[PDB]
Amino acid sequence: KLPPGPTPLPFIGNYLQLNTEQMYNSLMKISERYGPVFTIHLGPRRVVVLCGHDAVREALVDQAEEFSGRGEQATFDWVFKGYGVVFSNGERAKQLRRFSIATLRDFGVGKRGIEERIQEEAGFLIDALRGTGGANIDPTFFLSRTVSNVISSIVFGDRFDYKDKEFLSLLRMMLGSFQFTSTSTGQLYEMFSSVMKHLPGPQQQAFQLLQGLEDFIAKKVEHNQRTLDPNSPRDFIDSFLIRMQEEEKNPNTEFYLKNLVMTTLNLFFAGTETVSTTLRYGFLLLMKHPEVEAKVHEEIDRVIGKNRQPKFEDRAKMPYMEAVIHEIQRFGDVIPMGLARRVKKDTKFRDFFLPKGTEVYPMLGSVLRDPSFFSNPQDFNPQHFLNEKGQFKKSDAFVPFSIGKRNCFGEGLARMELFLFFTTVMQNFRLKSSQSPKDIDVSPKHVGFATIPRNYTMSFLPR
């Protein structure tokens, strides 16, 4: 009645059929044997795995409500503990998601206000890149510093200074723990956390980075508290603190300190690392494909010129750039196995029975590479998103933000950011790699919770 799967063993589950370094390939390999909907045992964790566009959409959209539970990610769980918008369920989820979305729009998200803040931050990126003077640099932290400062404005009320030493450490905490969950040990940790949380190893260093992140947010919330102005909130924290006061006499409130810290961390973390990873990966692809870089240039120069900052609406007259960013997001597949769902009630899903509470892995990468939707899914080709007339072409299999009732509500911000950061950088610079285009390796460094591109250095050269 449960979907079919390989026969597990007590405690280790499907250990023998799973290569923890490449969980994605391991899971896809077994679906070729059992079909697109199958059961797996990640140690004692029983998970139903959804592969391909059809399986994922049918579950997460067509049976949207039944599949709207949030599952676990054991590493982030160590810090969040089911608190915060991301890992919440039921009433907690309802309240915090609703609140978060509204307060984000209230601070400019999806509006003129945050476009300007992205624009301003992009100029600061251009300045920093200008300052390198075309030298061979690691782009990692130039990018993350810029991305992070958009969401930081919303939640903390101001950007960090680029020379802020603490800001860099915050960014390292985010990079290191994100990377960890993408490694072989990280993915083993998803199977065996009940043991591994108490053992020495890479898990502990990731925990202490998560701890550093929690500590800063806690600290920021306290400062905000002692200086709070109930009539004029400066940031996301303030709005949340204001609601906490309004709800002090409701004993079943979801608005209390721990949910504040964790939601704030959720957004600071998700609002920094993913766009940063996507950008980092984008530029590596662009250097691998010099001819794609040239069309991006051709379009930018013809549509925007050189004398003004790119803006969000330039999107509509830039089908190629839109296709390029989509392909980067499709190819880069930053969240390859989505973020775990779970069934809200006993569920009938296409001839299978899934008991209430059953965890679900929506294999987002398998949709992004679904051969029914993209002609050459393993290649980087912006034509995946283009008409024969050269106009932009939507895809139902373009699901990097996932789909359904618990989909990424940072999508708006992220789309704007990607459009602005990519265009403004490509407008002002051309890219020079350390190695020859043929020698560049755009295969991932790590694939686990996230897809991480290999470490590289590069030059940003003025046009």
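In case it trips you up, residue 1 is the first one in the sequence shown, and so on.
Checked against the record, the higher mean CA B factor of 405-413 and 425-433 lies with 425-433. Mean CA B-factor, 308-316 versus 130-138: the higher value falls on 308-316. Of the residues listed, 243, 341, 172, 330, the entry assigns the biggest Cα temperature factor to 243. Looking at 71, 290, 365, 186, the one whose CA carries the top B-factor in the deposited record is 290. When the modelled residues of the chain are ordered by C-alpha B-factor, residue 280 sits in the lowest third. Residue 6: CA B factor lies in the lowest third for its chain, per the PDB record. For residue 450, the recorded CA B-factor ranks within the lowest third of the chain. Only modelled residues enter the ranking. In the PDB entry, a CA B factor belonging to the middle third of its chain's modelled residues is recorded for residue 442. In the deposited entry, the Cα temperature factor of residue 46 sits in the bottom third of values across the chain's modelled residues.
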